[PDB]
Amino acid sequence: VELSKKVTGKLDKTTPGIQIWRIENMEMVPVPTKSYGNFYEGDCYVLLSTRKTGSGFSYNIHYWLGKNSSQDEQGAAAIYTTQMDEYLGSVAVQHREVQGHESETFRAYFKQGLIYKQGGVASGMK
(Lines give C-alpha, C1' and ligand atoms only; values in the text may rest on other atoms or scores of the structure.)
Protein backbone atom coordinates (compact mmCIF):
# COMPACT_ATOMS: atom_id res chain seq x y z
CA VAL A 1 0.00 0.00 0.00
CA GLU A 2 1.27 3.53 -0.70
CA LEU A 3 3.80 2.70 -3.45
CA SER A 4 5.43 6.05 -2.61
CA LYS A 5 8.55 5.61 -0.43
CA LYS A 6 8.97 1.87 -1.13
CA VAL A 7 8.27 2.46 -4.84
CA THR A 8 7.70 6.00 -6.15
CA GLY A 9 11.00 6.72 -4.36
CA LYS A 10 12.86 4.44 -6.80
CA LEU A 11 10.74 3.50 -9.84
CA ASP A 12 12.41 2.58 -13.15
CA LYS A 13 15.39 4.89 -13.79
CA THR A 14 17.65 2.62 -15.89
CA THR A 15 15.92 -0.44 -17.39
CA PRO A 16 13.82 -1.03 -20.52
CA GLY A 17 10.56 -2.64 -19.35
CA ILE A 18 7.17 -1.90 -17.75
CA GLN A 19 6.25 -2.37 -14.08
CA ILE A 20 2.64 -2.56 -12.84
CA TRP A 21 0.97 -2.31 -9.43
CA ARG A 22 -1.81 -4.67 -8.32
CA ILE A 23 -4.70 -2.84 -6.62
CA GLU A 24 -5.80 -6.08 -4.92
CA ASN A 25 -7.61 -6.04 -1.55
CA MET A 26 -8.63 -2.54 -2.67
CA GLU A 27 -5.11 -1.17 -2.07
CA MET A 28 -1.93 -1.48 -4.20
CA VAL A 29 1.29 -3.48 -4.60
CA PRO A 30 4.46 -3.33 -6.73
CA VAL A 31 3.85 -5.94 -9.47
CA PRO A 32 7.32 -6.97 -10.71
CA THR A 33 8.08 -8.82 -13.98
CA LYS A 34 7.45 -12.16 -12.27
CA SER A 35 3.67 -11.54 -12.43
CA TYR A 36 3.05 -8.88 -15.10
CA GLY A 37 1.30 -11.46 -17.30
CA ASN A 38 -1.89 -12.08 -15.30
CA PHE A 39 -3.65 -9.27 -13.38
CA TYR A 40 -7.14 -9.75 -11.87
CA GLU A 41 -9.92 -8.32 -14.05
CA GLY A 42 -12.20 -6.80 -11.42
CA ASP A 43 -9.56 -4.44 -9.94
CA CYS A 44 -7.02 -1.72 -10.85
CA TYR A 45 -3.40 -2.02 -12.02
CA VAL A 46 -1.09 1.00 -12.30
CA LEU A 47 1.52 0.46 -15.02
CA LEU A 48 4.84 2.28 -15.62
CA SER A 49 6.72 1.73 -18.90
CA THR A 50 10.31 2.94 -19.19
CA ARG A 51 12.23 3.19 -22.49
CA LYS A 52 15.72 4.50 -23.33
CA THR A 53 16.60 7.55 -25.46
CA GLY A 54 19.58 9.72 -26.48
CA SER A 55 19.20 11.62 -23.19
CA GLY A 56 17.59 9.45 -20.48
CA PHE A 57 14.50 7.23 -20.08
CA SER A 58 10.91 8.03 -21.08
CA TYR A 59 8.54 6.87 -18.32
CA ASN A 60 4.82 6.27 -18.92
CA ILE A 61 2.51 5.92 -15.91
CA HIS A 62 -0.80 4.33 -16.88
CA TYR A 63 -3.74 3.45 -14.66
CA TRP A 64 -5.80 0.33 -15.39
CA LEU A 65 -9.29 0.44 -13.86
CA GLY A 66 -10.68 -3.13 -14.13
CA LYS A 67 -14.25 -1.88 -13.46
CA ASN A 68 -14.81 -3.70 -10.18
CA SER A 69 -13.05 -1.81 -7.38
CA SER A 70 -15.01 0.91 -5.55
CA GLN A 71 -15.05 4.50 -6.87
CA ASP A 72 -12.29 5.51 -4.43
CA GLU A 73 -10.24 2.52 -5.66
CA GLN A 74 -10.36 4.11 -9.12
CA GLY A 75 -9.02 7.28 -7.46
CA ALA A 76 -6.43 5.18 -5.58
CA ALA A 77 -4.77 3.64 -8.66
CA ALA A 78 -5.08 6.83 -10.74
CA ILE A 79 -3.83 8.91 -7.79
CA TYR A 80 -0.80 6.62 -7.36
CA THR A 81 -0.10 7.31 -11.05
CA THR A 82 -0.29 11.05 -10.32
CA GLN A 83 2.18 10.77 -7.42
CA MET A 84 4.79 8.87 -9.47
CA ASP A 85 4.28 11.32 -12.36
CA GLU A 86 5.90 14.25 -10.52
CA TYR A 87 8.13 12.07 -8.30
CA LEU A 88 9.70 10.45 -11.39
CA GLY A 89 10.91 13.93 -12.41
CA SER A 90 8.03 15.09 -14.64
CA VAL A 91 9.58 12.91 -17.38
CA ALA A 92 6.88 10.23 -17.04
CA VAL A 93 3.49 10.54 -18.78
CA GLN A 94 -0.10 9.70 -17.81
CA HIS A 95 -2.45 7.23 -19.54
CA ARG A 96 -5.99 5.94 -18.88
CA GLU A 97 -7.05 2.27 -19.13
CA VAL A 98 -9.95 0.06 -17.99
CA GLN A 99 -11.30 -3.52 -18.30
CA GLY A 100 -12.32 -2.49 -21.84
CA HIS A 101 -9.89 0.39 -22.50
CA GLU A 102 -6.52 -1.37 -22.08
CA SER A 103 -7.16 -3.32 -25.32
CA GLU A 104 -4.23 -2.86 -27.76
CA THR A 105 -2.70 -0.31 -25.36
CA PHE A 106 -2.09 -2.66 -22.43
CA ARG A 107 -1.33 -5.65 -24.68
CA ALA A 108 0.86 -3.18 -26.59
CA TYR A 109 3.17 -2.93 -23.56
CA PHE A 110 2.81 -6.71 -23.09
CA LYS A 111 4.03 -8.65 -26.14
CA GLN A 112 2.70 -12.05 -25.02
CA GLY A 113 -0.74 -12.41 -23.38
CA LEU A 114 -2.60 -10.74 -20.49
CA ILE A 115 -4.74 -12.79 -18.08
CA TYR A 116 -7.53 -11.57 -15.78
CA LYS A 117 -8.27 -13.48 -12.55
CA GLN A 118 -10.94 -12.54 -9.99
CA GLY A 119 -10.90 -9.55 -7.61
CA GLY A 120 -11.19 -9.20 -3.81
CA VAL A 121 -8.50 -11.71 -2.78
CA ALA A 122 -9.65 -11.36 0.84
CA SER A 123 -12.21 -14.16 0.39
CA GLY A 124 -13.68 -12.70 3.60
CA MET A 125 -16.54 -10.69 2.06
CA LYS A 126 -19.75 -11.70 0.24
# chains A, B, ... in the order shown; residues from 1 in each chain; ligands from 1
$ closest_atom_pairs --of "segment 21-70 of chain A" --to "segment 107-120 of chain A" --cutoff "6 Å" --atoms "only C-alpha atoms" --output "tab-separated table"
residue	atom	partner	partner_atom	distance
A:25	CA	A:120	CA	5.3
A:37	CA	A:114	CA	5.1
A:38	CA	A:115	CA	4.0
A:39	CA	A:116	CA	5.1
A:40	CA	A:117	CA	4.0
A:41	CA	A:116	CA	4.4
A:42	CA	A:119	CA	4.9
A:43	CA	A:119	CA	5.8
$ closest_atom_pairs --of "segment 42-104 of chain A" --to "segment 6-23 of chain A" --cutoff "6 Å" --atoms "only C-alpha atoms" --output "Markdown table"
| residue | atom | partner | partner_atom | distance |
| --- | --- | --- | --- | --- |
| A:44 | CA | A:23 | CA | 5.0 |
| A:45 | CA | A:22 | CA | 4.8 |
| A:46 | CA | A:21 | CA | 4.8 |
| A:47 | CA | A:20 | CA | 3.9 |
| A:48 | CA | A:19 | CA | 5.1 |
| A:49 | CA | A:18 | CA | 3.8 |
| A:50 | CA | A:16 | CA | 5.5 |
| A:51 | CA | A:16 | CA | 4.9 |
| A:84 | CA | A:8 | CA | 5.3 |
$ select_by_dssp --residues "segment 1-123 of chain A" --states "helix (DSSP H, G or I)" --output "VMD selection string"
chain A and resid 3 to 6 8 to 10 24 to 26 71 to 87 103 to 109
$ atom_distance --atom1 "atom CA of residue 70 of chain A" --atom2 "atom CA of residue 1 of chain A"
16.0 Å
$ select_by_dssp --residues "segment 8-125 of chain A" --states "strand (DSSP E or B)" --output "VMD selection string"
chain A and resid 17 to 22 30 to 31 38 45 to 52 57 to 65 94 to 98 115
$ closest_residue --among "A:24, A:89, A:95, A:54" --to "residue 73 of chain A" --atoms "only C-alpha atoms"
A:24
$ atom_distance --atom1 "atom CA of residue 2 of chain A" --atom2 "atom CA of residue 64 of chain A"
16.6 Å
$ closest_residue --among "A:4, A:34, A:96, A:87" --to "residue 75 of chain A" --atoms "only C-alpha atoms"
A:96
$ closest_residue --among "A:125, A:26, A:76, A:91" --to "residue 52 of chain A" --atoms "only C-alpha atoms"
A:91
